[PDB]
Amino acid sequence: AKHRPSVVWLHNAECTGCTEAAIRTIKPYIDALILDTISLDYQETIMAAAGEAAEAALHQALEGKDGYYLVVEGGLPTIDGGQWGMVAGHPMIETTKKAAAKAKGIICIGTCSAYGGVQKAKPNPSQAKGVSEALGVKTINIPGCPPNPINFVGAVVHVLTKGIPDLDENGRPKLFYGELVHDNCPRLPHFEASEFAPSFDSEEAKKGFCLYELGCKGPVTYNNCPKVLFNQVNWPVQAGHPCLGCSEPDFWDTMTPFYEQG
């Protein structure tokens, strides 16, 4: 009946936590999304075809008459002509470059594809890079490690029904990343009052005191975690653990050591 917009989803240097995050959506659920809203035409984690049959499915999708949107999960290993990351005997950098070329839009799910992620952390043995840096094209970034499904599905639905949303200096949709974690944190009054837990065993910790002295990066991290929560039930600081700053570029090197503010 109604044609569903074609989506191609590539996996590069990733942990698959972003794919897992996506299927946690409940507005709508993943089945309703791929049955009614979009046409997920390639997705290695869940697709039935394998090997050459899967590679053909990808090439059929890239040549579709109605075009397609590209979702990229994971960073791009560039050392030795990109050979440390391959699929179907092709370097990941080469396949993403080919797919990015005719994409209607490119969405980077996760800090890895947006900015390079964990494999990019010093000393970066695989010379990994973010998509935009590796391809030389602008991308819509949905960062976090992994991002909230509300943010990813929200961006996808937005892109297909209203166009590209307003993006911040780091390519992140302002709808979801326009506020600091810290500004919506329920422990903010403890912070204002200088009431910090000195350790995890302390009474201060048991009383729910601010976790800044323990390394919390909420004050420099843009995300909506305390507003929307994860899995409809929790978020790190609610669980008594400091924010690591997982939605910020190169956080692996700029936010460490995680348990300090130095």
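Heads up: residue numbers just count along the shown sequence, starting at 1.
If you average the C-alpha B-factors over 224-232 and over 59-67, the higher value belongs to 59-67. The mean C-alpha temperature factor is higher for 27-35 when 27-35 and 49-57 are set side by side. Among 97, 172, 129, 182, the highest C-alpha B-factor recorded in the PDB entry belongs to 97.
Taking the deposited Cα B-factors for 156, 142, 112, 72, the highest one is held by 156.
Residue 216: CA B factor lies in the lowest third for its chain, per the PDB record. Sorting the modelled residues of the chain by their CA temperature factor places residue 136 in the highest third. In the PDB entry, residue 148 places in the lowest third of its chain by CA B-factor. For residue 40, the recorded CA temperature factor ranks within the highest third of the chain's modelled residues. Ranked within its chain, residue 118 lands in the lowest third, by CA B factor from the PDB record.
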